[PDB]
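S.K.: Input: one structure, supplied below.
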Amino acid sequence: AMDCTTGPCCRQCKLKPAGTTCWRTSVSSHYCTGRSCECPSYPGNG
């Protein structure tokens with residue numbers, strides 16, 4: 001019970017604005033959700 005997602009789509013225990021990039025690169029193009037800091041394995045998001 002931390003109530004603070006970690007990893008990409010975050011910033012010091014604070015999720016990034018909805019519609020952010022999840023580490024742009026040629027390894028796996030992804031996006032952020034809006035109310036979380038998780039980077040699913042989907043081709044499209046947000």
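Going by the structure tokens order, chains are called A, B, ..., each with residues numbered from 1, while ligands are numbered from 1 in the order shown.
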If we count only C-alpha atoms and set the cut-off at 10 Å, which residues sit around residue 35 (chain A), ignoring sequence neighbours fewer than 4 positions away in its own chain? Please answer as a PDB file with N, CA and C atoms, in the first residue's frame.
M.R.:
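File out-v6.pdb, as written:
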ATOM      1  N   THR A   5       2.859   4.559  -8.094  1.00  0.00           N
ATOM      2  CA  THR A   5       3.454   3.711  -9.120  1.00  0.00           C
ATOM      3  C   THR A   5       4.878   4.158  -9.437  1.00  0.00           C
ATOM      4  N   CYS A   9       6.731   6.756 -17.135  1.00  0.00           N
ATOM      5  CA  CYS A   9       5.489   7.503 -16.974  1.00  0.00           C
ATOM      6  C   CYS A   9       5.354   8.035 -15.551  1.00  0.00           C
ATOM      7  N   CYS A  10       6.487   8.357 -14.935  1.00  0.00           N
ATOM      8  CA  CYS A  10       6.495   8.877 -13.573  1.00  0.00           C
ATOM      9  C   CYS A  10       7.531   9.987 -13.420  1.00  0.00           C
ATOM     10  N   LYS A  14       5.441  10.786  -8.840  1.00  0.00           N
ATOM     11  CA  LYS A  14       4.373  11.562  -9.460  1.00  0.00           C
ATOM     12  C   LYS A  14       4.242  11.221 -10.941  1.00  0.00           C
ATOM     13  N   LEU A  15       3.083  10.692 -11.320  1.00  0.00           N
ATOM     14  CA  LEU A  15       2.830  10.321 -12.708  1.00  0.00           C
ATOM     15  C   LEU A  15       2.940  11.536 -13.624  1.00  0.00           C
ATOM     16  N   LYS A  16       3.312  11.294 -14.877  1.00  0.00           N
ATOM     17  CA  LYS A  16       3.454  12.368 -15.853  1.00  0.00           C
ATOM     18  C   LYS A  16       2.119  12.669 -16.531  1.00  0.00           C
ATOM     19  N   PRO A  17       1.987  13.862 -17.136  1.00  0.00           N
ATOM     20  CA  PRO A  17       0.755  14.268 -17.822  1.00  0.00           C
ATOM     21  C   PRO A  17       0.289  13.230 -18.838  1.00  0.00           C
ATOM     22  N   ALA A  18      -1.025  13.070 -18.949  1.00  0.00           N
ATOM     23  CA  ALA A  18      -1.601  12.111 -19.884  1.00  0.00           C
ATOM     24  C   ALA A  18      -1.192  12.429 -21.319  1.00  0.00           C
TER      25      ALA A  18
END
S.K.: Using only C-alpha atoms, which residue out of A:46, A:37, A:25, A:31 lies closest to residue 13 (chain A)?
M.R.: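 Using only C-alpha atoms, residue 13 (chain A) sits closest to A:37.
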S.K.: If we count only C-alpha atoms, what is near residue 30 (chain A) at a cut-off of 9 Å, once residues fewer than 2 positions away on the same chain are taken out, given as number ranges by chain?
M.R.: A: 21-24, 28, 32, 39-45
S.K.: Run DSSP on the backbone and tell me which residues of chain A come out as strand (DSSP E or B); list them as a PDB file with N, CA and C atoms, in the first residue's frame.
M.R.:
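selection33.pdb, written as the output of this step:
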ATOM      1  N   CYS A  10       6.487   8.357 -14.935  1.00  0.00           N
ATOM      2  CA  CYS A  10       6.495   8.877 -13.573  1.00  0.00           C
ATOM      3  C   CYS A  10       7.531   9.987 -13.420  1.00  0.00           C
ATOM      4  N   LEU A  15       3.083  10.692 -11.320  1.00  0.00           N
ATOM      5  CA  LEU A  15       2.830  10.321 -12.708  1.00  0.00           C
ATOM      6  C   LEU A  15       2.940  11.536 -13.624  1.00  0.00           C
ATOM      7  N   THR A  21       5.363  10.264 -23.663  1.00  0.00           N
ATOM      8  CA  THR A  21       6.079   9.177 -24.320  1.00  0.00           C
ATOM      9  C   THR A  21       6.752   8.271 -23.295  1.00  0.00           C
ATOM     10  N   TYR A  31       3.366   4.444 -25.012  1.00  0.00           N
ATOM     11  CA  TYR A  31       2.886   5.731 -24.523  1.00  0.00           C
ATOM     12  C   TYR A  31       2.401   5.618 -23.081  1.00  0.00           C
TER      13      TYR A  31
END
